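J.: I would like the atomic coordinates for the input below:
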Amino acid sequence: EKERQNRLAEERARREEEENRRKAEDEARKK
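T.: Residues are numbered from 1 along each chain as shown. There you are, the coordinates:
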């Protein structure tokens, strides 16, 4: 269970950092 939950949690965090760098490069284009 913990293996599964941690895997899903890192998948979530990776998607989150994807969106963060994405908004970052968007703002960069606005610059």
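
J.: how many other residues sit next to residue 12?
T.: Residues near residue 12, counting by other C-beta atoms under 10 Å, number 10. Placement of C-beta: from N, CA and C, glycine included.

J.: so for the helix or strand containing it, what gets flagged as buried?
T.: Secondary structure assignment for residue 12, by DSSP states H and E: helix 2-30. Buried residues in helix 2-30, counting neighbours by 16 or more other C-beta atoms under 10 Å, are absent.

J.: from the chain's centroid, how far away is that helix?
T.: 0 Å (C-alpha atoms, centre = their mean, to the nearest Å).

J.: so what's residue 12 up against?
T.: Residue 12 makes no contacts at all, as judged by C-beta atoms under 8 Å, 6 or more residues apart in numbering.

J.: now it: how far from residue 31?
T.: 29 Å (C-beta to C-beta, to the nearest Å).

J.: swap in residue 5?
T.: In terms of C-beta to C-beta, residue 5 sits 39 Å off from residue 31.

J.: do the same with residue 25
T.: To residue 31, residue 25 is 10 Å away according to C-beta to C-beta.

J.: repeat for residue 10
T.: Counting by C-beta to C-beta - residue 10 and residue 31 are separated by 31 Å.
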